[PDB]
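Q: So that you have it, the file is model_23.pdb, and it contains PDB, C-alpha atoms:
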```
MODEL        1
ATOM      1  CA  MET A   1       0.000   0.000   0.000
ATOM      2  CA  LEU A   2       1.138   3.527  -0.860
ATOM      3  CA  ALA A   3       2.817   5.611   1.823
ATOM      4  CA  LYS A   4       1.508   9.071   2.569
ATOM      5  CA  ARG A   5       4.279  11.522   1.637
ATOM      6  CA  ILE A   6       5.880  14.337   3.625
ATOM      7  CA  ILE A   7       7.147  17.019   1.209
ATOM      8  CA  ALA A   8       9.439  19.984   1.903
ATOM      9  CA  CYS A   9       9.079  23.192  -0.147
ATOM     10  CA  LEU A  10      12.188  25.324  -0.709
ATOM     11  CA  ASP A  11      11.562  28.884  -1.894
ATOM     12  CA  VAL A  12      14.601  29.922  -3.910
ATOM     13  CA  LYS A  13      15.827  33.277  -5.177
ATOM     14  CA  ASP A  14      18.982  34.066  -7.199
ATOM     15  CA  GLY A  15      20.630  30.713  -6.371
ATOM     16  CA  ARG A  16      19.998  30.793  -2.620
ATOM     17  CA  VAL A  17      17.186  29.496  -0.437
ATOM     18  CA  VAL A  18      15.116  32.223   1.205
ATOM     19  CA  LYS A  19      13.661  32.004   4.717
ATOM     20  CA  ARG A  27      17.695  36.981   3.909
ATOM     21  CA  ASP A  28      19.655  33.827   3.063
ATOM     22  CA  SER A  29      18.747  30.295   4.151
ATOM     23  CA  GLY A  30      21.630  28.178   2.892
ATOM     24  CA  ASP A  31      22.283  26.700  -0.512
ATOM     25  CA  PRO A  32      19.175  25.007  -1.966
ATOM     26  CA  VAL A  33      21.125  21.897  -2.992
ATOM     27  CA  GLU A  34      22.729  21.403   0.387
ATOM     28  CA  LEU A  35      19.478  22.168   2.211
ATOM     29  CA  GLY A  36      17.776  19.625  -0.065
ATOM     30  CA  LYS A  37      20.505  17.053   0.595
ATOM     31  CA  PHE A  38      19.809  17.620   4.290
ATOM     32  CA  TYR A  39      16.072  17.053   3.910
ATOM     33  CA  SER A  40      16.829  13.860   1.908
ATOM     34  CA  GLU A  41      18.724  12.363   4.820
ATOM     35  CA  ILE A  42      16.389  13.144   7.722
ATOM     36  CA  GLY A  43      13.295  11.542   6.148
ATOM     37  CA  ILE A  44      11.692  14.023   3.704
ATOM     38  CA  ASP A  45       9.973  12.150   0.839
ATOM     39  CA  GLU A  46      10.069  14.686  -2.043
ATOM     40  CA  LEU A  47      11.305  18.235  -2.581
ATOM     41  CA  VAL A  48       9.451  21.117  -4.217
ATOM     42  CA  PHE A  49      11.603  24.049  -5.362
ATOM     43  CA  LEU A  50       9.765  27.333  -6.108
ATOM     44  CA  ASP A  51      11.771  30.019  -7.920
ATOM     45  CA  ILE A  52      11.075  33.751  -7.754
ATOM     46  CA  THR A  53      14.281  35.017  -9.412
ATOM     47  CA  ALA A  54      13.964  37.912 -11.887
ATOM     48  CA  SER A  55      13.034  36.924 -15.431
ATOM     49  CA  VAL A  56      16.342  37.986 -16.980
ATOM     50  CA  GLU A  57      18.538  35.370 -15.276
ATOM     51  CA  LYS A  58      15.652  33.062 -14.278
ATOM     52  CA  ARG A  59      15.701  30.585 -17.183
ATOM     53  CA  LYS A  60      19.410  29.880 -16.747
ATOM     54  CA  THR A  61      19.239  29.980 -12.950
ATOM     55  CA  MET A  62      16.432  27.454 -12.492
ATOM     56  CA  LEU A  63      18.055  25.169 -15.064
ATOM     57  CA  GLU A  64      21.345  25.213 -13.117
ATOM     58  CA  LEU A  65      19.408  24.459  -9.941
ATOM     59  CA  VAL A  66      17.618  21.500 -11.518
ATOM     60  CA  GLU A  67      20.823  20.045 -12.902
ATOM     61  CA  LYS A  68      22.578  20.346  -9.531
ATOM     62  CA  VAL A  69      19.679  18.801  -7.611
ATOM     63  CA  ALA A  70      19.302  15.971 -10.119
ATOM     64  CA  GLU A  71      22.953  14.892 -10.048
ATOM     65  CA  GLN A  72      23.699  15.498  -6.346
ATOM     66  CA  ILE A  73      20.464  14.389  -4.673
ATOM     67  CA  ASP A  74      18.562  11.204  -5.493
ATOM     68  CA  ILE A  75      15.106  12.220  -4.274
ATOM     69  CA  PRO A  76      11.965  12.871  -6.383
ATOM     70  CA  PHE A  77      11.581  16.583  -6.879
ATOM     71  CA  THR A  78       9.380  19.181  -8.559
ATOM     72  CA  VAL A  79      10.363  22.639  -9.765
ATOM     73  CA  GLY A  80       8.089  25.588 -10.396
ATOM     74  CA  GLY A  81       7.500  29.295 -10.041
ATOM     75  CA  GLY A  82       6.581  31.259 -13.148
ATOM     76  CA  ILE A  83       6.595  28.396 -15.629
ATOM     77  CA  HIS A  84       4.535  29.861 -18.462
ATOM     78  CA  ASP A  85       5.074  27.740 -21.564
ATOM     79  CA  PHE A  86       5.845  24.241 -22.760
ATOM     80  CA  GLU A  87       9.415  25.107 -23.795
ATOM     81  CA  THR A  88      10.319  26.199 -20.265
ATOM     82  CA  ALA A  89       8.769  23.116 -18.706
ATOM     83  CA  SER A  90      10.501  20.967 -21.324
ATOM     84  CA  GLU A  91      13.953  22.413 -20.581
ATOM     85  CA  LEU A  92      13.484  21.841 -16.841
ATOM     86  CA  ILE A  93      12.316  18.228 -17.216
ATOM     87  CA  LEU A  94      15.079  17.315 -19.649
ATOM     88  CA  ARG A  95      17.623  19.033 -17.382
ATOM     89  CA  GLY A  96      16.572  16.577 -14.670
ATOM     90  CA  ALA A  97      13.435  17.702 -12.863
ATOM     91  CA  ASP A  98      11.041  14.800 -12.237
ATOM     92  CA  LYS A  99       8.017  17.132 -12.349
ATOM     93  CA  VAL A 100       7.128  20.745 -13.010
ATOM     94  CA  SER A 101       4.480  22.795 -11.259
ATOM     95  CA  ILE A 102       2.231  25.122 -13.249
ATOM     96  CA  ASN A 103      -0.497  27.374 -11.942
ATOM     97  CA  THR A 104      -1.571  30.687 -13.501
ATOM     98  CA  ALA A 105      -0.375  29.592 -16.944
ATOM     99  CA  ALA A 106      -2.325  26.350 -16.455
ATOM    100  CA  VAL A 107      -5.546  28.235 -15.720
ATOM    101  CA  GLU A 108      -5.069  30.673 -18.618
ATOM    102  CA  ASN A 109      -3.926  28.009 -21.129
ATOM    103  CA  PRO A 110      -5.202  24.558 -20.090
ATOM    104  CA  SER A 111      -3.703  22.938 -23.201
ATOM    105  CA  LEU A 112      -0.336  23.506 -21.511
ATOM    106  CA  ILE A 113      -1.113  20.648 -19.096
ATOM    107  CA  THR A 114      -1.760  18.343 -22.052
ATOM    108  CA  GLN A 115       1.329  19.283 -24.044
ATOM    109  CA  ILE A 116       3.546  18.490 -21.040
ATOM    110  CA  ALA A 117       1.675  15.286 -20.208
ATOM    111  CA  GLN A 118       1.781  14.001 -23.795
ATOM    112  CA  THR A 119       5.513  14.603 -24.064
ATOM    113  CA  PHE A 120       6.798  13.557 -20.633
ATOM    114  CA  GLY A 121       3.854  11.636 -19.123
ATOM    115  CA  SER A 122       1.207  12.876 -16.755
ATOM    116  CA  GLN A 123       3.466  12.048 -13.824
ATOM    117  CA  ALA A 124       5.622  15.004 -14.877
ATOM    118  CA  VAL A 125       2.797  17.569 -14.492
ATOM    119  CA  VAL A 126       1.706  19.100 -11.176
ATOM    120  CA  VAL A 127      -1.069  21.688 -11.324
ATOM    121  CA  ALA A 128      -0.882  24.018  -8.324
ATOM    122  CA  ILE A 129      -4.399  25.224  -7.531
ATOM    123  CA  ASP A 130      -4.788  28.205  -5.190
ATOM    124  CA  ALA A 131      -8.337  28.378  -3.874
ATOM    125  CA  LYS A 132     -10.270  30.699  -1.566
ATOM    126  CA  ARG A 133     -13.824  30.626  -0.236
ATOM    127  CA  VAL A 134     -15.681  33.682  -1.588
ATOM    128  CA  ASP A 135     -19.379  33.991  -0.704
ATOM    129  CA  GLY A 136     -19.578  30.331   0.307
ATOM    130  CA  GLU A 137     -18.183  28.820  -2.889
ATOM    131  CA  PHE A 138     -14.672  27.548  -3.554
ATOM    132  CA  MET A 139     -13.007  29.685  -6.222
ATOM    133  CA  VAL A 140      -9.702  29.407  -8.070
ATOM    134  CA  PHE A 141      -7.254  32.320  -7.863
ATOM    135  CA  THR A 142      -4.368  33.217 -10.196
ATOM    136  CA  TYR A 143      -1.448  35.649  -9.786
ATOM    137  CA  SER A 144      -0.148  34.264  -6.468
ATOM    138  CA  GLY A 145      -3.611  34.097  -4.955
ATOM    139  CA  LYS A 146      -4.451  37.707  -5.827
ATOM    140  CA  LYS A 147      -6.972  37.312  -8.681
ATOM    141  CA  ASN A 148     -10.356  35.690  -8.349
ATOM    142  CA  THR A 149     -10.833  34.008 -11.740
ATOM    143  CA  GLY A 150     -14.534  33.304 -11.377
ATOM    144  CA  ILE A 151     -13.798  29.587 -11.974
ATOM    145  CA  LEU A 152     -15.282  27.211  -9.405
ATOM    146  CA  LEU A 153     -12.777  24.957  -7.645
ATOM    147  CA  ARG A 154     -15.170  22.105  -8.466
ATOM    148  CA  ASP A 155     -14.930  22.689 -12.203
ATOM    149  CA  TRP A 156     -11.178  23.305 -12.366
ATOM    150  CA  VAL A 157     -10.007  20.109 -10.625
ATOM    151  CA  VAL A 158     -12.122  18.049 -13.032
ATOM    152  CA  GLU A 159     -10.782  19.956 -16.031
ATOM    153  CA  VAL A 160      -7.261  19.553 -14.626
ATOM    154  CA  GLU A 161      -7.630  15.775 -14.513
ATOM    155  CA  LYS A 162      -9.333  15.823 -17.917
ATOM    156  CA  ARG A 163      -6.341  17.699 -19.336
ATOM    157  CA  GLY A 164      -3.843  15.039 -18.205
ATOM    158  CA  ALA A 165      -2.352  16.454 -14.984
ATOM    159  CA  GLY A 166      -0.540  13.960 -12.761
ATOM    160  CA  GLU A 167      -0.976  15.667  -9.391
ATOM    161  CA  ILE A 168      -2.792  18.571  -7.722
ATOM    162  CA  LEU A 169      -0.946  20.840  -5.306
ATOM    163  CA  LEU A 170      -3.902  22.293  -3.377
ATOM    164  CA  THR A 171      -3.176  25.478  -1.407
ATOM    165  CA  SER A 172      -5.929  27.132   0.608
ATOM    166  CA  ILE A 173      -5.217  30.869   0.407
ATOM    167  CA  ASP A 174      -6.607  31.563   3.872
ATOM    168  CA  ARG A 175      -4.149  29.159   5.567
ATOM    169  CA  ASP A 176      -1.029  29.778   3.475
ATOM    170  CA  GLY A 177       1.562  31.652   5.523
ATOM    171  CA  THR A 178      -0.191  30.972   8.806
ATOM    172  CA  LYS A 179       0.855  28.130  11.080
ATOM    173  CA  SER A 180      -2.832  27.635  11.828
ATOM    174  CA  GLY A 181      -3.509  24.202  10.203
ATOM    175  CA  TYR A 182      -4.494  22.504   6.929
ATOM    176  CA  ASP A 183      -7.828  23.393   5.349
ATOM    177  CA  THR A 184      -9.347  19.955   5.727
ATOM    178  CA  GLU A 185     -12.748  21.201   4.575
ATOM    179  CA  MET A 186     -11.332  22.008   1.139
ATOM    180  CA  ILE A 187      -9.460  18.677   0.897
ATOM    181  CA  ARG A 188     -12.656  16.808   1.747
ATOM    182  CA  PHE A 189     -14.404  18.929  -0.858
ATOM    183  CA  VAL A 190     -11.853  18.107  -3.560
ATOM    184  CA  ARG A 191     -11.065  14.479  -2.617
ATOM    185  CA  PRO A 192     -14.198  12.938  -4.225
ATOM    186  CA  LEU A 193     -13.968  15.107  -7.389
ATOM    187  CA  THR A 194     -10.673  13.705  -8.735
ATOM    188  CA  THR A 195      -8.619  10.499  -8.821
ATOM    189  CA  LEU A 196      -5.350  12.460  -8.851
ATOM    190  CA  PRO A 197      -2.955  12.587  -5.894
ATOM    191  CA  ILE A 198      -3.512  15.665  -3.708
ATOM    192  CA  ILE A 199      -0.722  17.598  -1.984
ATOM    193  CA  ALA A 200      -2.162  19.567   0.941
ATOM    194  CA  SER A 201      -0.408  22.926   1.111
ATOM    195  CA  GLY A 202      -0.777  25.942   3.349
ATOM    196  CA  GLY A 203      -1.346  26.068   7.094
ATOM    197  CA  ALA A 204       1.087  23.498   8.539
ATOM    198  CA  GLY A 205       1.566  24.293  12.224
ATOM    199  CA  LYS A 206       1.801  21.100  14.293
ATOM    200  CA  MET A 207       2.306  17.357  13.747
ATOM    201  CA  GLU A 208      -1.386  16.709  14.339
ATOM    202  CA  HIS A 209      -2.084  18.936  11.311
ATOM    203  CA  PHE A 210      -0.516  16.356   8.995
ATOM    204  CA  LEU A 211      -2.703  13.652  10.509
ATOM    205  CA  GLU A 212      -5.799  15.802   9.925
ATOM    206  CA  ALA A 213      -4.862  16.321   6.282
ATOM    207  CA  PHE A 214      -4.307  12.621   5.579
ATOM    208  CA  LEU A 215      -7.591  11.690   7.260
ATOM    209  CA  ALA A 216      -9.366  14.220   4.998
ATOM    210  CA  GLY A 217      -7.959  12.364   1.969
ATOM    211  CA  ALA A 218      -4.703  14.155   1.146
ATOM    212  CA  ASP A 219      -2.004  11.942  -0.377
ATOM    213  CA  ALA A 220       0.913  14.176   0.550
ATOM    214  CA  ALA A 221       1.510  17.083   2.893
ATOM    215  CA  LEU A 222       3.736  20.009   2.000
ATOM    216  CA  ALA A 223       5.369  22.473   4.400
ATOM    217  CA  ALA A 224       8.416  24.734   4.516
ATOM    218  CA  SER A 225       9.097  26.928   7.555
ATOM    219  CA  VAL A 226       8.138  24.375  10.198
ATOM    220  CA  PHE A 227      10.892  22.199   8.699
ATOM    221  CA  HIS A 228      13.455  24.864   7.854
ATOM    222  CA  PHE A 229      13.183  26.341  11.365
ATOM    223  CA  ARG A 230      14.144  22.918  12.800
ATOM    224  CA  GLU A 231      10.659  23.540  14.193
ATOM    225  CA  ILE A 232       9.135  20.116  13.429
ATOM    226  CA  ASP A 233      11.243  16.973  13.360
ATOM    227  CA  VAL A 234      10.449  14.796  10.366
ATOM    228  CA  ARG A 235      11.356  11.571  12.191
ATOM    229  CA  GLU A 236       9.076  12.414  15.108
ATOM    230  CA  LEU A 237       6.297  13.453  12.730
ATOM    231  CA  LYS A 238       6.586  10.132  10.892
ATOM    232  CA  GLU A 239       6.674   8.082  14.096
ATOM    233  CA  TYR A 240       3.706  10.058  15.389
ATOM    234  CA  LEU A 241       1.969   9.564  12.048
ATOM    235  CA  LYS A 242       2.637   5.808  12.193
ATOM    236  CA  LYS A 243       1.356   5.410  15.765
ATOM    237  CA  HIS A 244      -1.887   7.038  14.643
ATOM    238  CA  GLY A 245      -2.374   4.407  11.937
ATOM    239  CA  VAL A 246      -1.045   6.252   8.873
ATOM    240  CA  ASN A 247       1.303   4.531   6.439
ATOM    241  CA  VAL A 248       4.571   6.453   6.237
ATOM    242  CA  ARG A 249       8.032   5.656   4.900
ATOM    243  CA  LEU A 250      10.271   5.133   7.915
ATOM    244  CA  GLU A 251      13.926   6.055   7.752
TER     245      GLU A 251
ENDMDL
END
```
Using structure tokens, write down the structure from this file.
A:
Amino acid sequence: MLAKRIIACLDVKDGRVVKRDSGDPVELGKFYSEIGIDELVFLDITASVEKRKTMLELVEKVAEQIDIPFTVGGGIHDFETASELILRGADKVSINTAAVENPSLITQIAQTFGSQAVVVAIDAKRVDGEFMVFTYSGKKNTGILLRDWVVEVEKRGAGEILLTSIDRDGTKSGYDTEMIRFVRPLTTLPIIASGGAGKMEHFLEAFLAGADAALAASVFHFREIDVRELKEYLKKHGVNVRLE
């Protein structure tokens, strides 16, 4: 039976992890590899002029110095960019705003590299009692219902949904288990719960709601949650996790 996954997200900028520096992304990823993290997500926010080259150098370094599944994203807007990153060594790319505005992009990536190579990050917010998709880093209400987008996302060939609840992202307040439960029955795809991770019990709550993986950043980078303890705690509470 599949293990539930614990994923670490590294926000990167100009070649360095960002918390003001936060170490080298590669060596911080190596570290996560060794203490029990299951996959890495790297999100780039570098300026467009050096971004293409910078992310590509990151991917190459991560692919030949770590041996962990990883995803790269942040401002991937077209098939050619996604293609360069996958062929440079990324296992998956994340797309978001460009996915919403050009859904064929999902299909082009999936048909070339397989659906496993495509993650669609969906940012959603509850507006007037209905789940809505937002673009532009959670700042634009698209008018598209969360219910319709996840189905279209699977229809288009995505391999995985990275589901962030805009209300919880950046708080340490907890995962938005209501939204997971809302999405879980609408799609067969794996769901990464993102946004809100405060305490070990939060991960349990997300997996009980139907998440397949759980993503966090600060709580791990602040040596603020111990992955080993989280996994042991997860196991004790009856959740399949990959130990050591």
Q: Need the shell around stretch 157-165 of chain A: protein/DNA/RNA residues with any atom at most 9 Å away, counting only C-alpha atoms. Skip same-chain ones fewer than 2 positions apart. Format as a PDB file with C-alpha atoms, in the frame of the given file?
A:
```pdb
ATOM      1  CA  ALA A 106      -2.325  26.350 -16.455  1.00  0.00           C
ATOM      2  CA  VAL A 107      -5.546  28.235 -15.720  1.00  0.00           C
ATOM      3  CA  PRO A 110      -5.202  24.558 -20.090  1.00  0.00           C
ATOM      4  CA  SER A 111      -3.703  22.938 -23.201  1.00  0.00           C
ATOM      5  CA  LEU A 112      -0.336  23.506 -21.511  1.00  0.00           C
ATOM      6  CA  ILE A 113      -1.113  20.648 -19.096  1.00  0.00           C
ATOM      7  CA  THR A 114      -1.760  18.343 -22.052  1.00  0.00           C
ATOM      8  CA  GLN A 115       1.329  19.283 -24.044  1.00  0.00           C
ATOM      9  CA  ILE A 116       3.546  18.490 -21.040  1.00  0.00           C
ATOM     10  CA  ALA A 117       1.675  15.286 -20.208  1.00  0.00           C
ATOM     11  CA  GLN A 118       1.781  14.001 -23.795  1.00  0.00           C
ATOM     12  CA  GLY A 121       3.854  11.636 -19.123  1.00  0.00           C
ATOM     13  CA  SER A 122       1.207  12.876 -16.755  1.00  0.00           C
ATOM     14  CA  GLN A 123       3.466  12.048 -13.824  1.00  0.00           C
ATOM     15  CA  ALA A 124       5.622  15.004 -14.877  1.00  0.00           C
ATOM     16  CA  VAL A 125       2.797  17.569 -14.492  1.00  0.00           C
ATOM     17  CA  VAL A 126       1.706  19.100 -11.176  1.00  0.00           C
ATOM     18  CA  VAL A 127      -1.069  21.688 -11.324  1.00  0.00           C
ATOM     19  CA  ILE A 129      -4.399  25.224  -7.531  1.00  0.00           C
ATOM     20  CA  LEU A 152     -15.282  27.211  -9.405  1.00  0.00           C
ATOM     21  CA  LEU A 153     -12.777  24.957  -7.645  1.00  0.00           C
ATOM     22  CA  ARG A 154     -15.170  22.105  -8.466  1.00  0.00           C
ATOM     23  CA  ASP A 155     -14.930  22.689 -12.203  1.00  0.00           C
ATOM     24  CA  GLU A 167      -0.976  15.667  -9.391  1.00  0.00           C
ATOM     25  CA  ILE A 168      -2.792  18.571  -7.722  1.00  0.00           C
ATOM     26  CA  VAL A 190     -11.853  18.107  -3.560  1.00  0.00           C
ATOM     27  CA  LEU A 193     -13.968  15.107  -7.389  1.00  0.00           C
ATOM     28  CA  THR A 194     -10.673  13.705  -8.735  1.00  0.00           C
ATOM     29  CA  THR A 195      -8.619  10.499  -8.821  1.00  0.00           C
ATOM     30  CA  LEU A 196      -5.350  12.460  -8.851  1.00  0.00           C
TER      31      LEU A 196
END
```
Q: Tell me, as a count of residues only, which residues lie within 10 Å of residue A:228, counting only C-alpha atoms; anything in the same chain fewer than 2 positions away does not count.
A: 15
Q: May I have the residues within 7 Å of stretch 79-96 of chain A as a PyMOL selection string, using all atoms listed in the file and disregarding those fewer than 5 positions away in the same chain?
A: chain A and resi 48-52+63+66-67+70+101-102+105+112+115-116
Q: Identify which of the residues A:55, A:104, A:177, A:41 lies closest to residue A:148, counting all atoms listed in the file when measuring atom-to-atom distances.
A: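 Checking each candidate against residue A:148, we get A:104 as the closest.
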Q: Run the PyMOL selection byres ((chain A and resi 54) around 12) on the file and write out the hits as a count of residues only.
A: 17
Q: Could you state the separation of atom CA of residue A:179 and atom CA of residue A:156 in Å, given to one decimal place?
A: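 Interatomic distance, atom CA of residue A:179 to atom CA of residue A:156: 26.8 Å.
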Q: Quick one: distance from atom CA of residue A:130 to atom CA of residue A:147 in Å, one decimal?
A: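 Rounded to one decimal, the two atoms are 10.0 Å apart.
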Q: Evaluate the PyMOL selection byres ((chain A and resi 211) around 12) on the structure here and hand back the selected residues as an mmCIF file with C-alpha atoms, keeping the file's coordinate frame.
A:
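Output (expr27.cif):
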```cif
data_model
loop_
_atom_site.group_PDB
_atom_site.id
_atom_site.type_symbol
_atom_site.label_atom_id
_atom_site.label_comp_id
_atom_site.auth_asym_id
_atom_site.auth_seq_id
_atom_site.Cartn_x
_atom_site.Cartn_y
_atom_site.Cartn_z
ATOM 1 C CA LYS A 4 1.508 9.071 2.569
ATOM 2 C CA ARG A 5 4.279 11.522 1.637
ATOM 3 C CA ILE A 6 5.880 14.337 3.625
ATOM 4 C CA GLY A 181 -3.509 24.202 10.203
ATOM 5 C CA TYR A 182 -4.494 22.504 6.929
ATOM 6 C CA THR A 184 -9.347 19.955 5.727
ATOM 7 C CA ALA A 200 -2.162 19.567 0.941
ATOM 8 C CA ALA A 204 1.087 23.498 8.539
ATOM 9 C CA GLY A 205 1.566 24.293 12.224
ATOM 10 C CA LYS A 206 1.801 21.100 14.293
ATOM 11 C CA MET A 207 2.306 17.357 13.747
ATOM 12 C CA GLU A 208 -1.386 16.709 14.339
ATOM 13 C CA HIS A 209 -2.084 18.936 11.311
ATOM 14 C CA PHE A 210 -0.516 16.356 8.995
ATOM 15 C CA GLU A 212 -5.799 15.802 9.925
ATOM 16 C CA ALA A 213 -4.862 16.321 6.282
ATOM 17 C CA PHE A 214 -4.307 12.621 5.579
ATOM 18 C CA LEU A 215 -7.591 11.690 7.260
ATOM 19 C CA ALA A 216 -9.366 14.220 4.998
ATOM 20 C CA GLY A 217 -7.959 12.364 1.969
ATOM 21 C CA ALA A 218 -4.703 14.155 1.146
ATOM 22 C CA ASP A 219 -2.004 11.942 -0.377
ATOM 23 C CA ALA A 220 0.913 14.176 0.550
ATOM 24 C CA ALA A 221 1.510 17.083 2.893
ATOM 25 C CA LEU A 237 6.297 13.453 12.730
ATOM 26 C CA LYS A 238 6.586 10.132 10.892
ATOM 27 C CA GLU A 239 6.674 8.082 14.096
ATOM 28 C CA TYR A 240 3.706 10.058 15.389
ATOM 29 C CA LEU A 241 1.969 9.564 12.048
ATOM 30 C CA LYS A 242 2.637 5.808 12.193
ATOM 31 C CA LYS A 243 1.356 5.410 15.765
ATOM 32 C CA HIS A 244 -1.887 7.038 14.643
ATOM 33 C CA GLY A 245 -2.374 4.407 11.937
ATOM 34 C CA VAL A 246 -1.045 6.252 8.873
ATOM 35 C CA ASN A 247 1.303 4.531 6.439
ATOM 36 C CA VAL A 248 4.571 6.453 6.237
#
```
Q: Neighbours of residue A:134 within 12 Å (only C-alpha atoms; same-chain residues fewer than 3 positions away dropped), as a ChimeraX atom specification?
A: /A:131,137-141,147-153,172-174
Q: Interatomic distance between atom CA of residue A:178 and atom CA of residue A:202?
A: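 Distance reported for this atom pair: 7.4 Å.
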Q: Using only C-alpha atoms for the distances, tell me which of A:108, A:64, A:45, A:71 is nearest to residue A:235.
A: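 Result for the nearest residue to residue A:235: A:45.
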Q: Which residue, A:73, A:199, A:7, A:170, has the smallest gap to residue A:186 when you use only C-alpha atoms?
A: A:170
Q: Which residue, A:42, A:187, A:3, A:75, has the smallest gap to residue A:234 when you use only C-alpha atoms?
A: A:42
Q: Emit a file covering stretch 208-220 of chain A of the preceding structure with N, CA, C and O atoms, as an mmCIF file, in the first residue's frame.
A:
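File produced: part_24.cif:
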```cif
data_model
loop_
_atom_site.group_PDB
_atom_site.id
_atom_site.type_symbol
_atom_site.label_atom_id
_atom_site.label_comp_id
_atom_site.auth_asym_id
_atom_site.auth_seq_id
_atom_site.Cartn_x
_atom_site.Cartn_y
_atom_site.Cartn_z
ATOM 1 N N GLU A 208 -0.010 17.171 14.497
ATOM 2 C CA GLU A 208 -1.386 16.709 14.339
ATOM 3 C C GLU A 208 -2.011 17.240 13.047
ATOM 4 O O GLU A 208 -2.928 16.615 12.494
ATOM 5 N N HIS A 209 -1.530 18.384 12.547
ATOM 6 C CA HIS A 209 -2.084 18.936 11.311
ATOM 7 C C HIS A 209 -1.933 17.952 10.159
ATOM 8 O O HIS A 209 -2.875 17.724 9.388
ATOM 9 N N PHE A 210 -0.745 17.355 10.034
ATOM 10 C CA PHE A 210 -0.516 16.356 8.995
ATOM 11 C C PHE A 210 -1.495 15.203 9.112
ATOM 12 O O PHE A 210 -2.073 14.764 8.109
ATOM 13 N N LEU A 211 -1.702 14.695 10.324
ATOM 14 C CA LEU A 211 -2.703 13.652 10.509
ATOM 15 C C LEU A 211 -4.051 14.105 9.969
ATOM 16 O O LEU A 211 -4.675 13.404 9.164
ATOM 17 N N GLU A 212 -4.498 15.301 10.373
ATOM 18 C CA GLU A 212 -5.799 15.802 9.925
ATOM 19 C C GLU A 212 -5.894 15.819 8.405
ATOM 20 O O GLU A 212 -6.933 15.474 7.830
ATOM 21 N N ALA A 213 -4.821 16.236 7.735
ATOM 22 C CA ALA A 213 -4.862 16.321 6.282
ATOM 23 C C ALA A 213 -4.996 14.938 5.655
ATOM 24 O O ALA A 213 -5.790 14.747 4.726
ATOM 25 N N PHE A 214 -4.238 13.959 6.154
ATOM 26 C CA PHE A 214 -4.307 12.621 5.579
ATOM 27 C C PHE A 214 -5.642 11.951 5.860
ATOM 28 O O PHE A 214 -6.140 11.205 5.016
ATOM 29 N N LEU A 215 -6.249 12.214 7.017
ATOM 30 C CA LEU A 215 -7.591 11.690 7.260
ATOM 31 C C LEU A 215 -8.621 12.312 6.318
ATOM 32 O O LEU A 215 -9.588 11.645 5.934
ATOM 33 N N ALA A 216 -8.439 13.582 5.929
ATOM 34 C CA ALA A 216 -9.366 14.220 4.998
ATOM 35 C C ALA A 216 -9.234 13.684 3.579
ATOM 36 O O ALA A 216 -10.137 13.911 2.759
ATOM 37 N N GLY A 217 -8.152 12.971 3.278
ATOM 38 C CA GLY A 217 -7.959 12.364 1.969
ATOM 39 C C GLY A 217 -6.725 12.836 1.232
ATOM 40 O O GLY A 217 -6.477 12.366 0.114
ATOM 41 N N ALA A 218 -5.951 13.766 1.784
ATOM 42 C CA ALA A 218 -4.703 14.155 1.146
ATOM 43 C C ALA A 218 -3.821 12.926 0.922
ATOM 44 O O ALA A 218 -3.904 11.935 1.651
ATOM 45 N N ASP A 219 -2.988 12.985 -0.119
ATOM 46 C CA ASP A 219 -2.004 11.942 -0.377
ATOM 47 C C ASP A 219 -0.616 12.344 0.051
ATOM 48 O O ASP A 219 0.208 11.477 0.362
ATOM 49 N N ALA A 220 -0.341 13.640 0.059
ATOM 50 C CA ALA A 220 0.913 14.176 0.550
ATOM 51 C C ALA A 220 0.624 15.471 1.289
ATOM 52 O O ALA A 220 -0.450 16.072 1.152
#
```
